[PDB]
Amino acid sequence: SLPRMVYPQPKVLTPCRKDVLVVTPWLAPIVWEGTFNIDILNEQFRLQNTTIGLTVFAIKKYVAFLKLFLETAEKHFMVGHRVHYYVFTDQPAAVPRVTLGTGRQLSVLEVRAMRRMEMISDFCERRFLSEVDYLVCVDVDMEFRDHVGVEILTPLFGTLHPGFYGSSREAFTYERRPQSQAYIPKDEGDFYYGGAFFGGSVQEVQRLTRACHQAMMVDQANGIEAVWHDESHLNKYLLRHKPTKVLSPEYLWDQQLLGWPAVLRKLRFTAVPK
């Protein structure tokens, strides 16, 4: 139940974006700049006291990415909302000291030096259900450069991989061997989602990561490994279980490889040179 708010009236006969698809054929929004009024969304999610968990793995050399990842998350990720970072690492002492805004906390979870799926679904199942409302699972070799907020939150979301958003499904690098659980035939597929940014309600993310982990274990027992590992299985899952929002490539970009095309009004979350 929202309070009075003053903002520009949406106009039915004036689209927000005419250059891009803003809704999937199963009526999930595709989140692009211009499509949302973040003041309305912030109010809706604050009134539910929403807590967002962000999971990131930083094992071996990748601990070096945490400083920029976390500092930029503090500037751009869910600012104003409750956030709990979960950093999985084999080197807890290498986690940098980053000062956090109010309502935000960080937990370091030590692991031994694809298996992100198992860690999210099984080991942390009960903890996440009790501590957060949504989970966002990302790669660490990345930085936030602009707003990533509650516009992404929904029961289940995937993000368009920046290499494939303009490609036909035949060109998608899905697993194509029928022997793999991740198999998708050439005549199937909506989008190619990136492994580096997905999420949803805790319940839906636990279902996704459990399904992917089970599928990966089946492949392992059959002596096969999907072409792009967890990303192949994520794609098979999201083909069969449609996401309730799809994030545009504003949310998963690589400026070094792909520049800054006119269709991207903002570059929000981007790869860092490894």
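Counting begins at 1, following the sequence as shown.
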item: Residues with no coordinates between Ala113 and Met114, taken from the deposited sequence as a class; value: 4 to 9
item: Comparing 264-272 with 4-12, the one whose average Cα B-factor in the PDB entry is higher; value: 4-12
item: Stretch with the greater mean C-alpha B-factor as recorded in the entry, comparing 225-233 against 52-60; value: 225-233
item: Options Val132, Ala171, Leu106, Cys137 - largest CA temperature factor per the record; value: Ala171
item: Largest Cα B-factor, entry values, listed residues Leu41, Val218, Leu66, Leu208; value: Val218
item: Lowest, middle or highest third - CA B-factor, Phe164; value: middle
item: Modelled-residue ranking by C-alpha temperature factor, third containing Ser201; value: lowest
item: Modelled-residue ranking by C-alpha temperature factor, third containing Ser180; value: highest
item: Relative C-alpha B-factor of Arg126, binned into the chain's lowest, middle or highest third; value: highest
item: Third of the chain's Cα B-factor distribution that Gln91 belongs to, per the entry; value: highest
